[PDB]
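What the sequence shown shows, in the authors' numbering, is residues 273 to 311, 317 to 344, 357 to 409, 418 to 455, 474 to 584, 588 to 790, 799 to 891, in sequence order.
Note that CB positions come from ideal geometry on N, CA and C, so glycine has one too.
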Amino acid sequence: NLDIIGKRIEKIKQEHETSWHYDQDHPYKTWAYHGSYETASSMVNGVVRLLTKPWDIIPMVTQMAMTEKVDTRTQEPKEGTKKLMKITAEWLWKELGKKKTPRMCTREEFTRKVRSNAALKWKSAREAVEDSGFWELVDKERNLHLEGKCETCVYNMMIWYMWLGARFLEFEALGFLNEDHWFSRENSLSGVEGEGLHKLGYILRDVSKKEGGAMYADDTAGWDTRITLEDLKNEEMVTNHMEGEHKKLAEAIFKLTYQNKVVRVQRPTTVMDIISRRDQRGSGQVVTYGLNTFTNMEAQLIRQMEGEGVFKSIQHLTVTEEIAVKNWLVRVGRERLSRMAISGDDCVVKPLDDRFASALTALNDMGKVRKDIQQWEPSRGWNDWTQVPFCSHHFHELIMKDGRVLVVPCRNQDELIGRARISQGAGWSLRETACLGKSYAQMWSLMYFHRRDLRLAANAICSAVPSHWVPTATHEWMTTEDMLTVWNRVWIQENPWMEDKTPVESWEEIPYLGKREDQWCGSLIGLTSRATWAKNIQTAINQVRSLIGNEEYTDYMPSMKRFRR
Ligand SMILES: Cn1ccnc1-c1noc(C2CCC2)n1
Ligand SMILES: [Zn+2]
Ligand SMILES: [Zn+2]
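Here you go:
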């Protein structure tokens with residue numbers, strides 16, 4: 273406890289010895305308060326907004342740009370629950386480990402990443426990776442970790476940001492999980508890491524093909540707040556697959572940063591608090607993703623065990639029930655993993671039958687309480703894979719004019735248009751604002767080509783931004807290559823669900839949803855505002871061209887039937 277956290281605490285106290293105070297009015301029950309010391318608006322993208330004028334009067338779009358879970362306690366599962374989790378976790382790390390070799394990620398790898406802008418004494422991250430002084434601090438902390446002690450690895454809430480060095484040491488020990496695709500669908504069977512939105516629909520349709528009951532897609536209420544110390548201890552068992560230095564380094568991340576955290580929080584009453595808790599999820603967002611997937615795969619196999627009646631009670635597991643769990647895992651575990659699509663805290667399960675809907679004792683006792691349903695009310699499943707929610711999407715079946723079948727991602731259009739108009743920072747330039755619009759426009763042309771309004775707005779944005787100006799899972803839209811060529815590569819050539827590889831010659835071969843389906847999913851097709859916008863699009867394109875100035879532009883609008891003379 274204070275032995276593992278104090279040094280970190282003691283060091284902060286000294287940096288602010290002229291402003292240290294144990295406020296007796298601390299607003300914390302579950303977090304441990306140690307002391308206190310003295311101490317992000319969403320901006321509108323104008324290129325995108327000028328080219329989506331109809332949406333200026335839709336509150337669901339315009340409101341998106343305007344403007357008690359952490360402080361809670363989770364009860365320790367029953368002994369029978371803890372046994373189910375340990376046995377399942379042990380077996381799950383072995384399966385993930387069968388065709389993967391743990392390893393340490395390198396200064397070299399970490400450096401390169403910071404130079405390509407991935408979200409993770419010196420101004421930026423880039424400058425710190427060059428200064429050998431930094432690495433000397435990394436070395437100091439690094440050798441502290443090998444002795445089982447920590448000094449500078451402290452979480453700052455705002474999301475859990477850390478100093479680049481603690482990020483490096485986290486990445487050094489556990490980066491392999493992401494960098495080497497442990498949660499790929501090949502190596503994990505339930506995972507979808509590296510798959511892409513253009514593959515998730517096909518993956519859900521494949522789960523649909525299995526004999527079984529309804530498809531279940533229960534969200535957890537505040538997943539990262541419901542991670543128990545028993546969960547963090549089952550995650551740590553990845554170190555059993557490790558050796559030498561790596562093993563020691565990983566053990567220290569788990570022991571000193573995950574299973575015993577130190578955090579600094581801003582409280583307007588503006589002081590900085592220094593609270594400590596052993597539970598809940600607090601890692602980098604990328605290690606969080608992988609350990610979430612891991613623990614969710616474990617929770618969902620156990621819920622599947624409960625509905626198949628492998629065990630009778632969570633209160634206590636008989637000796638023979640343990641043998642039966644172990645034998646279920648060996649006999650059918652891989653088959654049961656294949657019945658699920660899991661992305662962090664998000665899941666879809668097609669169980670053997672609908673007893674799963676009412677198998678709630680283990681799930682609730684593990685603390686993974688379902689969102690927006692009474693603790694003991696049975697799950698409502700989906701009968702059609704095209705109605706199931708997953709990663710903020712649903713998936714349509716869309717037949718091309720030549721019989722070939724696309725499975726395409728979709729969500730409420732007002733959400734898509736709302737996101738494209740929003741970013742962060744007051745520092746950016748017009749060329750950079752224009753670059754993001756193209757990044758959104760190119761994503762829309764690759765993922766949402768089947769929505770009439772987004773294909774039109776994507777064509778307008780690409781016509782309004784200089785042709786050679788580059789745009790900012800997989801991200802095939804981040805390129806200067808012609809979008810019709812990328813579409814053919816992603817939806818035809820590299821698509822394992824498409825047998826006939828005949829390239830599409832033009833955008834007009836590429837179909838839309840039915841007009842009524844497009845309206846159901848939020849299209850303004852049929853409105854008077856939308857007809858005026860489409861008819862007069864060249865004038866909106868010219869408004870943006872005049873603002874950016876005398877640059878080299880392309881007209882992409884004749885790629886659509888209605889503008890092609
Ligand atoms: C390039 N980039 C990455 C993240 N955000 C941006 C960005 N660029 O321009 C803008 C302005 C604020 C609204 C439009 N944001
Ligand atoms: Zn440390
Ligand atoms: Zn839809």
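Close CB contacts of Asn777 within its chain, under the 7 Å cut and outside five residues either way in sequence, are with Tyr882, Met883, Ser885, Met886 (chain order).
Contact between the stretch 656-666 and the stretch 334-342 is absent: fewer than three C-beta pairs spanning the two stretches fall below 8 Å.
At least one heavy atom of ligand 2 sits closer than 7 Å to the Cβ of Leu441.
Taken atom to atom, the span from the alpha-carbon of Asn682 to that of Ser697 is near 13 Å. Cβ-Cβ distances below 7 Å link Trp646 to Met623, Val628 in the same chain, with the five nearest sequence neighbours on each side left out; the list follows chain order.
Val580 sits in a strand when the DSSP states are folded into three classes. Shown here, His712 sits in a strand according to DSSP, grouped into three states. For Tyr607, the uninterrupted alpha helix (DSSP H) segment begins and ends at 603-625.
With a cut-off of 8 Å on Cβ pairs, the stretch 482-491 is in contact with the stretch 386-404, counting three or more such pairs.
Ranked by how close their Cα comes to the Cα of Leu443, the residues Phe569, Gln693, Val812 have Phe569 in first place. Nearest C-alpha to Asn502 among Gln819, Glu384, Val426, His801: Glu384.
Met337 sits in a helix when the DSSP states are folded into three classes.
If you keep only unbroken alpha helix (DSSP H) runs of at least 4 residues inside the stretch 700-747, you get 731-738.
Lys367 is the residue among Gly699, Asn862, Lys367 whose C-alpha sits nearest the C-alpha of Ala680. Under the three-state reduction of DSSP, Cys665 is assigned to strand. Straight through space, the alpha carbons of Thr344 and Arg737 are spaced by roughly 15 Å.
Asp672 has no beta-bridge partner at all, per DSSP.
If you draw a straight line from the Cα of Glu639 to the Cα of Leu544, it comes to about 24 Å. Residue environment analysis places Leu678 among the buried positions, since at least 16 neighbouring C-beta atoms fall within 10 angstroms of its C-beta. Counting C-beta atoms within 10 angstroms of its own C-beta, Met684 has 16 or more neighbours from the protein chains shown and is therefore classed as buried. Non-local C-beta neighbours of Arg815 in its own chain, meaning closer than 8 Å and more than five positions away in sequence, comprise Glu802, ordered along the chain. With a threshold of 7 Å, the Cβ atom of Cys728 counts as near ligand 3, since some heavy atom of the ligand is closer than that.
By DSSP's assignment, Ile691 forms no beta bridge with any residue. For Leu434, the shortest separation between its Cβ and any heavy atom of ligand 2 does not lie below 7 Å.
With a cutoff of 7 Å, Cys847 counts as near ligand 3, since its C-beta is closer than that to a heavy atom of the ligand. Distance from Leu635 to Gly369 at the Cβ level is roughly 5 Å; contact confirmed, criterion being Cβ atoms closer than 8 Å. For the 8 Å CB-CB criterion, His714 and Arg729 do not form a contact. If you draw a straight line from the Cα of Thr828 to the Cα of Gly721, it is about 12 Å long.
Of all alpha-carbon atoms in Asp732, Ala857, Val783, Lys358, the one lying nearest the alpha-carbon of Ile874 is that of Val783. Distances taken from the Cβ of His513 to the heavy atoms of ligand 3 include none shorter than 7 Å.
Distance from the CA atom of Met615 to the CA atom of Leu609, rounded to whole angstroms, is 10 Å. For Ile863, the enclosing alpha helix (DSSP H) begins and ends at 863-874.
Contact between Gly602 and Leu479 fails: their C-beta atoms lie close to 11 Å from each other, not under 8 Å. Under the three-state reduction of DSSP output, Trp382 falls in the helix class. Annotation: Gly386 to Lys514 spans about 24 Å, alpha carbon to alpha carbon. Within 7 Å of the C-beta of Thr805 there is not a single heavy atom belonging to ligand 1.
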